[PDB]
Structures are given as C-alpha cells and as structure tokens.
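Inspection log for the structure reproduced underneath, given as structure tokens.
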Amino acid sequence: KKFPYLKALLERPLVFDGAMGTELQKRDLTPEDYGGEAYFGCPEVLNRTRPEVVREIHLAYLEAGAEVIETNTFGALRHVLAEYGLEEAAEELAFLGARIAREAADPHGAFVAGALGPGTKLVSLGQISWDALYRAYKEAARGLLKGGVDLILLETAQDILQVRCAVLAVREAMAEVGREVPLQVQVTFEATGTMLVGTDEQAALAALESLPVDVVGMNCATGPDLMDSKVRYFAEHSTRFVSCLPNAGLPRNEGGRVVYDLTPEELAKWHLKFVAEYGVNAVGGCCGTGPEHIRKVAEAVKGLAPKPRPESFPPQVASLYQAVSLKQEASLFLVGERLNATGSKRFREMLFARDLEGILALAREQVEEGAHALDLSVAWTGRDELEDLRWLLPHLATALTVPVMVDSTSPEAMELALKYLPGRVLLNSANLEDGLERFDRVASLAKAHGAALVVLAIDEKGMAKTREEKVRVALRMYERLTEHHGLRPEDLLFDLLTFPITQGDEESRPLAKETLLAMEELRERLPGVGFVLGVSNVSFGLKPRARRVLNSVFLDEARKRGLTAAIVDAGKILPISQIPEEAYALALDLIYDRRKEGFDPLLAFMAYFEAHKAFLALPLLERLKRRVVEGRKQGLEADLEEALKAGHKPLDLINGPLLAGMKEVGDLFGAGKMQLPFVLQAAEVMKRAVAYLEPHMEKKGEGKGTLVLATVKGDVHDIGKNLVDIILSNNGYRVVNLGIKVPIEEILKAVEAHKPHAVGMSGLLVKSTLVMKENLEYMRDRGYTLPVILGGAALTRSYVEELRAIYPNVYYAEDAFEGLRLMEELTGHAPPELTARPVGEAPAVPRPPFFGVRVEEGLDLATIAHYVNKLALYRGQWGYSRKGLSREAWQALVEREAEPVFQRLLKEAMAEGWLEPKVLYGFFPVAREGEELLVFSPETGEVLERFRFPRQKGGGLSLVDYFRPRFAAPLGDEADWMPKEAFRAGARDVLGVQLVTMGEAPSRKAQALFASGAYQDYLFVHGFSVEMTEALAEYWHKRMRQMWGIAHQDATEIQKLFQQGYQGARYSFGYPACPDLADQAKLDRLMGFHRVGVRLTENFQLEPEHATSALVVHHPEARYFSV
Ligand SMILES: [K+]
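Under the authors' numbering, residues 37 to 649, 658 to 879, 897 to 1184 are what the sequence shown spells out, in order.
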C-alpha cells in the first residue's frame, strides 16, 4: 500500500530476474577479474573488482522483462566471505551490489531486491551462534539499505530459526539507518519435501506468518514440477504476497559445462499456472535460468489481474518440523507438563544429572500420550536457569516433534530460549505481578519473535481469585497487548488462574468455579483469544486416583466454558465416559461447591476412592488367536512356551487359535476392514508360530492338503505366486514352491514325487499365457487330469473357460484368496461352489541436444520419487483396495497407512543405497522407408538397424507412421544440425531411445525379505522398487522431452503425465504396438546396454528385474495403440 513495491504487487505480477551465478560462468572470468587468486569464484567481490560485468547481467534481465532485479549479494555475509578472506567486506560488497543494481534499475523503472542468502552455517544445529548470525545480516542489510534497495530479500532459507534471526537483524538495520522497506522471505524446499533442517511447508508458513514479513515464497532446490505442491500451499493460505523462483530442474554434464533442460517456454507455462490458478504475486528463475527464461515468463504473465490474498491465517504453532493448530476441533490443545522442574520430580533429577536420553524419552512419552506441545521450566531454587537452558535447548531444538511452551519468570531466560528454539514458540509468564515494565518486556519479546503469549491474570495488587477480578485483570492486559504492543487476539492465551480446591480447607473449594464463570464472560467479550489452565493444580493435595478423576472433569467443564488449551499430563487424562458415575457426579459437586447440610463433596469425593477401584490380561486360548489377527510379533514365543507347559499339543494349538486367527483375517480382508499388508503381517505371526512348534512335534503332518505351485517357463519374478505360497501355507496347506522359469518337464516331476491335490501355474508376463496353453496341451497327452489352478495379471476369467476345451479341470484365480477358496473346495473343507485416424505430417522435427548415446548416473531419487504413480503403487502393488470405500476416504487411508511406508522406503533407499538409478539414453537420425524404420549412424551415415514395426490389421496404424520418409524435403533447419553423413544418406527424422535401471540391489533385497519371512516388507520393497523404476522411466521421458524442446506441451499435473498428457509417446518392446521382444537386441546394438549394467537374455528379456527400455517418439499425434 505505502511502499511502491507492494503497490505494484497488488496491481500486476512482478517478474523477477534469473540466476546471477550461471550468467557469470559464460563470461569466463579470471583471478585478476576477482582481484586476486584468493577471491576467485566469490561473485560478491565483483561488485568491487568488475562492476560493469554485474551491471551487464542486470541489464540483460531488465531488457528481457524483469521488473525486479536481485543484488549480487547472496553470500555477502561475514562467515560466508571468510572462506575467501573477505570477512570484513560484507557491508561494502552489499552496498556496491545494491548501487550497481540501482544504476541498472533506475532507467527501466525497475525494483531492486537486496538479496541475502542463508549462509554456510545452520543455527539450529549449532554451527553458528544466534548473535554471530544476527550481526552478519544486520551488517550486510545496512549496506543494502544504503545502496537504495526497494526491498530486502532473504533467499534460499534452509533453517527456519535463521529466518527468524535474519528477519530481526534486517529489521534492526532498518532502524539503525532510519529507512524501512518491505521484507520478502523465501525458503527452499528440498526434493525430499521439507527444508534442509526438517521444516515442512505448514511449519514454515506458520513461522513466517507470525513475523513481520510482507512477501513469503520459495526458490531453488527443485524445478517447478516439485514446487507446485508447496507454492500451492503458500498461495492458498498465506495472508502475505507469495513469490516463486524455481530451478531449471536437475543439472546435466555436457563436456564439462553444466547444462539444464527446463526451457523458457516450460517455465513460462508453470508460472502462468502459478499466477492464473494459484494467484502467486511474484515469479522468477533460480539456478539454470537465464534472460530467455525471464523473457517468456514475462510474456506469459503480463496483463493478468492479481487475486486478493486471504484476510486471515488460522492460529497455529510450529516446531522445527511441523505445525499444530492452537484451536483443536472438538478437543483441546494439550500442553504436556512433565518437563517442569518444580512440578515433575523425574525431570528434575534427570536435568541435574544431565541425562539427555532420559529427558528426550520423557518428551517422547508425553507426545505419544497425546501432547500437542510441551511446557518447559528449569527454574530451580539456587541453580542458574540460563545455564540449564544452554545445555538442554540445543538438543530439544532438533529432537522435538512438537513445539515448546517456554515456562519461566525471567525474561532473560525467555529471550535465550527464543534464540535456540526453531519455529513458533509459546511464552508462559506474561503477567503484571512486577508492574508494567516487566509485563511489556515479555510482550514485546513475544511480538518481536512472533511467539504466542500466555497472558496470566495476576496484577500488581496480588492475584485474581474471584470472577470480577479475573475479568478486570484480563481486559486491562488485553488492552495493553493489543493497543500498545500490536499483538493479535489470536496470539494470546489468557490463563485465568487455577487454584487447588482440595486438602480439606475452606476458601479453597469455590475457586475452581470462579475460573469457569470468568472464562464464559471473557469468551463472549474477547472473541479470537485462547484460554489455557494449569489443570493439575485443582487437585493439589489428593490421592493419585482422585486427582486423575477430578482433573479430567475440571478439564471437560472448562472446555464447555470456552477452554482451548490446557497444561496436563496427557497420559492420565480420562474421557468422562470411563469415569464411574458416582465419581463423576461427586467431582462436579466438588468443583461447583454444592454443600448441602449433611453433605461435604470433598469428604464424599475423597471417601469414594477409599474402598473402591493392555490385552495381556485375556484368556490364553483367545490371546494366541488375537496375536495372529492383530499381527503382534512380540510375546508370541513367550506365550507359546506357556501353552506347551500347560500340555497343549502342537497340532490342536495350530488348528485351534492360530488357524482361527487367519480365518478371521481372511474374512476381514473380504470385508475390507483389513488390507493386504496387514494380512501378510498376520501370516508372519502364523509362520513364526509354526517355526517354533516344528522342533516340538512328532506329527510332521501334511496339513489340509498339498499344492505344487510354480511360475511358467520364460517368465520373471512373480510376486503373485509368492503371495499364494504365503497365504495358502499359513492357512494350513503345504505349498511346494518350484520357483520361476520352470518348464513342463520338471513341474510334473514334482507332481509324481509329492502327489498333490492341485497344480498351480502362474505368470506375470502377457506372453506366458500362450506358454500355459502349451503346458496344458502337454499334460493331456500323458493323461493327467489333476485340477490345475491358473493365475496372474496376464490371464482373464473368460480365457480359462475358453481354455477348458484342452484340459477339463482348469480354474482361474484372481488373487491368492480365491486360490485359497479353490483349495478348500478340492480338499473337501468347503462345499463345491466352484465345480484409428491416419497420421498427419509432424509440424517440425525437433532438434536434440546431441546424436549418439550417453550415460546419466546419480539422479536424485527424491526427484524421481515425485514421478511415482502412487495410485498404481498403493492400490495396485501394495493392495490397499478401493472397493467398498470413497475416493476421498481411500486418499485418507493411504495418507495414514501407505504414505509413511513410502517416505521411509525413500529415506532408506537413499541412505542405504539400494536403488542405484542409471540411464542410457540418446537420439538417432532415422527415416521411414516403406514399412521400415532405418536407424542411421551419427558418424558414418550407414544404416545400423532396420525395424519392421507391425501394422494393425485392415490397413491401420503403425509406429513407422510417426516418422518422416527417406529423402523428404526438410520442414526447416534440419540440414544444419542433422549428422552430415546420415542426412546425405536420406535421414530426415530423429528417434529418441532410453534404457533406465535401478540395478540388481532391490531384487536381492526383496528376495531376502521373502526368504526371511518378512512378507509385509517384501510386498512393500518389491512394489516400491517397481514403481520407482517406472518413475525413473517417466521422469527420464520428461527429461528427453525437455532437451528435445517439446516439454512445454507437458501437463503441469503429474497424474496427467501418467495419462500421456504430453507431446508424443514412448513405446517398450512387449507393448501391443510393438510386441516382438526380439527388436530389443537391435536396441542393444545401437545403445550398448552393458554401459549401465543391463543384460539381454537369449529370450530377449532385460536383466536385472528393475530395468526397462523404450523408443521415444516426438510426433504430436503419437498415442498408445494395439494390434
Ligand atoms: K533470481
């Protein structure tokens, strides 16, 4: 409003500049240019040594259409510059940078943002002190302000505590030089999805909303693909203006020059979405981006009308990691009390002994028991408060999931706490016991750091005990906090005091009620504010069970009167339902002071508990059943030996509780109350129970019946088969698993030896359905009429009845549990219930970055993880079924249960290194000749290979139709950049090729988990591995499109990519458009699959398991089709 920059943000989208760093690399500067060898590479020193070079880059961006340029001052901080011996030059280099930008900006009417980066040292991990970090930002911001920047920009924030430190430092520099400007703060979200130190986007925005920041936003780390979700969050929720400056995606080496593939036109489309859909206010580029990126962005967003920002932000608190709302719906905001020195005894002794692992474990307990935040008080009689805090707080900063309520009478101790604790904190003591000047101290501290304040109702003349007092004190404090200090009502939590009403004393017994009555009046009079109570103090001086109940009831009553938070022992808080009826009634009589003549509620409440008052306390029979159903590994072997000592025979133990459990699991799975991963968890408990009882039995029985299970010849790792093995074995039966790639010779060899009820055949691949026919054709000659059970994703239910002519007894199995039902009926444990348009010419031939084939190693797995089809993973692979559930209810199920597994598996795979993404990829000059695609050499021009792609029957569609014919007249420049010899030979098109692999490691790891009987982790690890390999193919296809110059036609939503929402298509050998696997040997010769550790078999199958190749087609009308 006041400042021109914020006026401009209201009127139009402001286009920021792109990268300074990458633009300097083009100029090929020398140590002389940086003013010495020591200073070489420091861009900020160029403000001194070569201003004209910095000026020129600003001009290039201004001309392109940036209305805002950033000063070349990112690392103009003491501790950053120290690496170059320039620690003393921060204010100078900041100033000169700001003066260079000012000179470039003034003719163009453009804004200048005083950019300061996050530095090289993280405050939250104690790599730099608050005071040191504070000084560096204050120094460099005075320089920026003196050079005439129109805003201060805190860029690339990794540490949310640095954001608070830098905001305060910068605001004080403004005070010193007597000039305010708007403050823009931009965080950086890693591809993992949080800031580097751990802060998610909810925590980051909660922190920023409490501080005096005019524009919040995002830059660097990722391209716009991964930013989308984060920038959507900021745009939708932030009351401030929103900025967004993505990278040009992941970098790529190209002859020792670092190259980025995100084009101007793609960036433009992303920023158009961010401005037009989400209402982002400023947009620019970060690493990789140049003037051309800015040019296209400006063109895209010019003219668009800004959306107005939300008026309000929900009141919420934040730790280093996560946000928590102060208003908890229905419930309360529970603050754990047990990290108090005076209160808790266990904490007190742990603090004195310096038992960190004890204190953190205690803090975990409170969180598990349902604390939303934790109270912290270390103020003991004698001890140095500051010194105990200095020891403890660095560990709490990074250890704690939940935020902290700093409970201290000392403002010095509070200020110290605020310098260690990241996020948005609460402060406990804001009261007028020692006059205004110590109340105002804590308030200004809460306002400056953006903390939520607990406003305790204690004035100069003693405490507030009655209703009238509690009200009058609270209104005086509310007036002070709002009008003087400027704190919002939502920031305040008023503690109307909570006095003890027990101990047998009168005067104490009507005070719990005057709190409740005052709470009502202030709820109505002061809307917006919160209400906290030290709830455990009402029952101070009472037996353990008695205090538990009275506390629970006073909590509930306070809630009804308007309580929004409470300091409690969350573990002990009872729902009033579970309090017995007499106790509840007496607790209320006590609270509200309902003395009849022959009745004291304190006596009767006390008297009640005198002479009154896990699944381990169950029957031994039923406990072993629920061990299976609930999937409880711990205490199985302990309970089994207890059963054996009571003379329970192993067979009737297995057939009794344990098979009863797996039956209940089969029923719950049918009813959709239990999903597949948890069913496998039950099967583990069963397999552990069998394995314990195997040495303690003489039976060695055949079970319900035998089954010879196997996977067909020329197939691959069939998890589906192994799930049959798991489910059947642990439902009583005896499977013999023959493995994969078994021919019909050795499968029937098992049949004569074992002599089974049924013979299971299975196959993942589509081509092994015809190999199953050949198996059944082989069997009828020898005269076999055993009931064969066919299954797999390859087969269909109609096809087994059509195959029933060849073999009489053949049955389908959709999943493992149909295969179970089948085996029940055969063995006799159940009744027999089962007894094309033509292709127009391409508008261009897109120019690739190179011809030939390259290798790309070490692609960021978090970037790849973005392109996972989570629907395919969670529903398909992991078996979180959709049927009998809504589409928003299923999204809740997976975000609860599946998504944490994924996050864990991603973190594991990155740390432990068991996904190794490699990519073999390239472009070849090609041409159609008839019904063939000729692949010409980039060097010689000779025809290296020829592909006869199948055409659809009845003169239909073919892959060759997407390619230009030999000797065609060029559509444009092709002669200038096609390989000279190939072009003379008649090549007139380009074909992309790609082979991606995650390596052999995830296959080994999956097999080892199945071999160890960790069935659930086998399911998870296998599924994750498949879809991460598909994600790498999806990701790389996007990279191929980007470097080809066609990715501006991609969808800006990821699920649209999975529905081919992009130009062209990729095609793998096996797909119905090209089902001949033999062509993969042609692609091996062109590319050289050994270069990324991929091998092609005799049967033209790729090894290892997690590997896929594809032809990549640029043609806009290219779509998936079938012959
Ligand atoms: K920039």
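Even for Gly, the Cβ is constructed at its ideal location relative to N, Cα and C.
Separation of residue j from residue i, as counted between CA atoms
i       : j       : result
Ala715  : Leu42   : 57 Å
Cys201  : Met56   : 26 Å
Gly315  : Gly145  : 24 Å
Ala897  : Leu1018 : 7 Å
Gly320  : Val89   : 21 Å
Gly111  : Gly153  : 6 Å
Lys1066 : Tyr1076 : 12 Å
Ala205  : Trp1105 : 46 Å
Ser842  : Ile850  : 15 Å
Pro1026 : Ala903  : 11 Å
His485  : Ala466  : 15 Å
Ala377  : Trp416  : 6 Å
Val294  : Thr156  : 22 Å
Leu552  : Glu593  : 8 Å
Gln678  : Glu973  : 26 Å
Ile1115 : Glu473  : 56 Å
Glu542  : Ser613  : 30 Å
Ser998  : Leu1005 : 6 Å
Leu1157 : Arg957  : 40 Å
Close beta carbons around residue i, own chain, < 7 Å, minus the five adjacent residues each side
i       : result
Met642  : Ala582
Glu1178 : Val900 and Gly901
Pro260  : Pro282, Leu303 and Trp306
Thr235  : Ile196, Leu356 and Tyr357
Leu638  : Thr538, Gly540, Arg545 and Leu626
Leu1070 : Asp1078, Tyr1079 and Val1082
Endpoints, alpha helix (DSSP H) assigned at residue i
i       : result
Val1184 : Careful: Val1184 lies outside any alpha helix (DSSP H) and carries neither H nor E.
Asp531  : No alpha helix (DSSP H) contains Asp531, which is instead part of the beta strand (DSSP E) from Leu528 to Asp531.
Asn83   : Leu82 to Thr85
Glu1061 : Careful: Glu1061 lies outside any alpha helix (DSSP H) and carries neither H nor E.
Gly57   : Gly57 to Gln61
Same chain, Cβ closer than 6 Å to residue i, five either side skipped, listed in chain order
i       : result
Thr502  : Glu550
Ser380  : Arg374
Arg848  : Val854
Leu712  : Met718
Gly570  : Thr534 and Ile603
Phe1130 : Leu1138, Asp1140 and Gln1141
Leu994  : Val987, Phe1008, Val1021 and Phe1024
Neighbourhood of residue i by C-beta distance below 8 Å, restricted to the same chain and skipping five residues each side
i      : result
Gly598 : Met555, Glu556, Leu558, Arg559 and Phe567
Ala409 : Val353, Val360, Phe369, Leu370, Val371, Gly372, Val438, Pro439, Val440, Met441 and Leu462
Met971 : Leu922 and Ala923
For residue j and residue i, believed in contact at Cβ under 8 Å, the rounded distance
i      : j      : result
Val185 : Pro248 : 17 Å between Cβ atoms; not a contact.
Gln198 : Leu169 : 6 Å
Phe530 : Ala510 : 5 Å
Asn317 : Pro40  : Going by Cβ atoms, the distance from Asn317 to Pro40 rounds to 14 Å, so no, they are not a contact pair.
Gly836 : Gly764 : 6 Å
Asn781 : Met706 : The pair is not a contact, with the Cβ atoms about 19 Å apart (cut-off 8 Å).
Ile833 : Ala857 : 5 Å
Element boundaries [beta strand (DSSP E), containing residue i]
i           : result
residue 654 : Between 649 and 658, the chain has no modelled residues, which means residue 654 does not appear in the coordinates.
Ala433      : Unbroken run through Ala433 is the alpha helix (DSSP H), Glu421 to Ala435; no beta strand (DSSP E).
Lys979      : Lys979 to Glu990
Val104      : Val104 to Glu106
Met441      : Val440 to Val442
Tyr620      : Premise fails: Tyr620 lies in the alpha helix (DSSP H), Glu617 to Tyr628, not in any beta strand (DSSP E).
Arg778      : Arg778 to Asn781
Sufficient close CB pairs (3 or more, under 8 Å) joining the segment 206-226 to the segment 425-435
no
Contact between the segment 751-759 and the segment 809-824: three or more CB pairs below 8 Å?
yes
Assess, as a yes-or-no matter, whether the segment 724-731 is touched by the segment 740-749 under the definition of 3 or more beta carbon pairs within less than 8 Å.
no
Assess contact between the segment 468-480 and the segment 606-618, defined as three or more Cβ pairs (one per stretch) separated by less than 8 Å. Is contact present?
no
If you pair each beta-carbon of the segment 1166-1175 with each one of the segment 1047-1057, do three or more pairs fall below 8 Å?
yes
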